[PDB]
Amino acid sequence: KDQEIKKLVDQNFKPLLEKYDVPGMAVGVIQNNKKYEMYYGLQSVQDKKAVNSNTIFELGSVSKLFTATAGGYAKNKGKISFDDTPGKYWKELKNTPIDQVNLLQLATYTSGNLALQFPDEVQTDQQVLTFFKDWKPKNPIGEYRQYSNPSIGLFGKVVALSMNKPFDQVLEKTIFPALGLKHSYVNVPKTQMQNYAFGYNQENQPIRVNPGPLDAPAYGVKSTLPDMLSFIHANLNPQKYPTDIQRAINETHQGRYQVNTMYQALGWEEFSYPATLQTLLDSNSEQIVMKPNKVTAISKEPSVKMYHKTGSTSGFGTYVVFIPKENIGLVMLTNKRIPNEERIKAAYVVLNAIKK
Ligand SMILES: *[B@]([O])([C][N]C(=O)/C(=N\OC([C])([C])C([O])=O)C1=[C]SC([N])=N1)OP([O])([O])=O
């Protein structure tokens, strides 16, 4: 049975490399605390350098899961309340319209007036402060979900303020060590640049993510397959980890509201398990990702849950999924974007063929 995992990943993931002309891929499965690492192709086309357990990939929006974990850690240490507003920590936002939005609404994209991205012109800290000072509501606060880098970005900045550390240090000095991650970075050091994969755009030109406003909390983390399998292990089996990070992890698993079949947790998307393929595909549909959607209160609190998150930068694709009840999870890292649908479907076939 264990011998089948490589064959399943070869059957379902390997063909995507030829299909989308992806230079390199790392696919990890964790089942009953056993890790399986499958490596394909090249971390660098020009250097002919093979993807391996040292290869560092851009996580894109999977970074939001670390931001969520940092938030849960700060909350359970009493450094913040999710009922708090940003002005309590970022003084220059005190008594401004954005100061009517609480930390949970920022983390779960329900300010009612924040788009996917900051405007291109917003780059400096001053321009970012100005943007939030000038912010005014549109939809009723807490009622509409619009997936937003600025929204969880501001949440990340406030978490960092609450811990009196820059956000990069919150992750690199507190959260990553607590999760036992050896090669996870906001800023990849000189000594690890040799292990940092090139991303490849739709013209197969090498690219890396550029600095941007509140980039670190929104899409700014880089990691290896082993590290991301450790992170999934922590989400499946927190008991081996410190109480503080156990509490932080449990906080990220709590559904806050529904958009039909999708439950918004902290960073994580949550579903009733078993979930149909189309439920998981629907979670990252144009309608859900790009448009505002009126939320409902959770009506059906699922007994048995699964969680996933996609991530993209210009050069990298990420997908992470775990199912506590089956004690299984999967990580996919590519140094070229492939459609979300392909990531979700490949993972669905593999996880459904192992478990039973
Ligand atoms: B996350 O990753 C977010 N994302 C972002 O931001 C981006 N983009 O976006 C889109 C288009 C939507 C995609 O998908 O990709 C970017 C690019 S470059 C950078 N830095 N960033 O989440 P998702 O949804 O993506 O998964």
Side-chain angles (χ1 to χ4, degrees), residues 3-20 22-43 50-57 59 62 65 179-184 197 223-238 240-241 249 268-269 271 273-277 279-281 283 304-311 316-324 326-336 338-355:
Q3 287 175 43
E4 309 214 25
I5 294 180
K6 175 222 186 265
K7 175 176 69 167
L8 284 169
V9 172
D10 283 352
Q11 280 175 322
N12 290 287
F13 281 90
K14 192 181 179 190
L16 300 175
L17 277 101
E18 270 199 359
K19 187 162 174 190
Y20 295 97
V22 179
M25 181 176 296
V27 188
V29 176
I30 187 165
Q31 180 180 214
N32 300 324
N33 310 325
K34 184 79 172 305
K35 294 179 204 176
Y36 303 85
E37 305 174 14
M38 273 63 52
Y39 301 108
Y40 305 95
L42 298 180
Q43 100 166 35
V51 176
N52 63 91
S53 65
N54 302 316
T55 301
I56 298 167
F57 293 83
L59 297 188
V62 164
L65 303 187
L179 291 163
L181 308 187
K182 308 141 52 150
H183 299 282
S184 297
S223 192
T224 67
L225 184 63
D227 273 14
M228 289 310 291
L229 284 173
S230 292
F231 181 59
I232 295 303
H233 182 254
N235 276 270
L236 284 166
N237 308 278
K240 122 180 182 195
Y241 295 81
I249 292 164
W268 292 104
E269 297 166 14
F271 313 89
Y273 183 83
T276 69
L277 175 54
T279 292
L280 297 174
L281 298 181
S283 66
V304 184
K305 304 162 270 244
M306 64 178 292
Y307 303 84
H308 83 186
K309 188 68 192 81
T310 60
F316 290 84
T318 308
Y319 183 63
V320 296
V321 53
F322 72 96
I323 311 160
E326 306 295 335
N327 204 9
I328 69 177
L330 184 148
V331 179
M332 188 211 80
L333 307 169
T334 59
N335 64 348
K336 186 173 174 191
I338 68 161
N340 283 332
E341 40 262 55
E342 295 275 27
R343 312 179 201 182
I344 296 167
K345 180 167 56 196
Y348 183 88
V349 174
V350 173
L351 288 180
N352 286 300
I354 299 163
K355 56 110 165 79

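Residue numbers run from 1 in the order of the sequence given.
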With distance as the sole test, does [X] use its side chain to make a donor-acceptor pair with the main-chain N or O of [Y] at under 3.5 Å?
{"X": "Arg343", "Y": "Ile338", "result": "yes"}
{"X": "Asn335", "Y": "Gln43", "result": "yes"}
{"X": "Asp227", "Y": "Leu225", "result": "no"}
{"X": "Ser184", "Y": "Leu181", "result": "no"}

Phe13 meets the ring pair (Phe, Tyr, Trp, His ring centres under 6.0 Å) criterion, sequence neighbours left out, with none
Residues passing the ring pair (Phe, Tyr, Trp, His ring centres under 6.0 Å) test with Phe316, sequence neighbours excluded, are none
Can you find a pair of side-chain heavy atoms, one from [X] and one from [Y], that are under 4.5 Å apart?
{"X": "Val27", "Y": "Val331", "value": "no"}
{"X": "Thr310", "Y": "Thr318", "value": "no"}
{"X": "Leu351", "Y": "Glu326", "value": "no"}
{"X": "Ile328", "Y": "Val29", "value": "no"}
{"X": "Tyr319", "Y": "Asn340", "value": "no"}
{"X": "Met25", "Y": "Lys336", "value": "no"}
{"X": "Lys355", "Y": "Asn352", "value": "yes"}
{"X": "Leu8", "Y": "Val349", "value": "no"}

Practice prompt. Please say whether more than 12 non-hydrogen atoms of neighbouring residues, nucleotides or ligands are located less than 6.0 Å from NZ in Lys14.
Written response: no
Nearest heavy atoms of [X] and [Y], plus distance in Å:
{"X": "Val321", "Y": "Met306", "value": "CG2-CE, 3.5 Å"}
{"X": "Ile56", "Y": "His183", "value": "CG1-O, 4.4 Å"}
{"X": "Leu229", "Y": "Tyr36", "value": "CD1-O, 4.0 Å"}
{"X": "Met38", "Y": "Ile5", "value": "CE-CG2, 4.4 Å"}
{"X": "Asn12", "Y": "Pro15", "value": "C-CD, 3.9 Å"}
{"X": "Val51", "Y": "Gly24", "value": "CG2-CA, 3.7 Å"}

With sequence neighbours left out, the residues meeting side chain to side chain donor-acceptor pair (under 3.5 Å) with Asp10 are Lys6, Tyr40
Point-to-point distance, once rounded to the nearest 0.5 Å, from [atom1] of [X] to [atom2] of [Y]:
{"X": "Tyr39", "Y": "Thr55", "atom1": "OH", "atom2": "OG1", "value": "7.5 Å"}
{"X": "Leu236", "Y": "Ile30", "atom1": "CG", "atom2": "CD1", "value": "6.5 Å"}
{"X": "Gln31", "Y": "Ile354", "atom1": "CD", "atom2": "CD1", "value": "5.5 Å"}
{"X": "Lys309", "Y": "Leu59", "atom1": "NZ", "atom2": "CG", "value": "11.0 Å"}
{"X": "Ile232", "Y": "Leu330", "atom1": "CD1", "atom2": "CG", "value": "8.5 Å"}

Checking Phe271, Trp268, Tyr273, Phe231 against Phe322 for ring pair (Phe, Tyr, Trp, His ring centres under 6.0 Å), the one that qualifies is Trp268
Worksheet item: Just checking, any donor-acceptor pair under 3.5 angstrom between side chains of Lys182 and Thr224?
Response: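 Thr224 and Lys182 do not have a side-chain donor-acceptor pair below 3.5 Å.
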- Just one of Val320, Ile323, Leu280 clears the side-chain contact (heavy atoms from CB on, under 4.5 Å) bar with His308, so which one?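 That would be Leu280; it is the only one of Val320, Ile323, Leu280 passing the side-chain contact (heavy atoms from CB on, under 4.5 Å) with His308.
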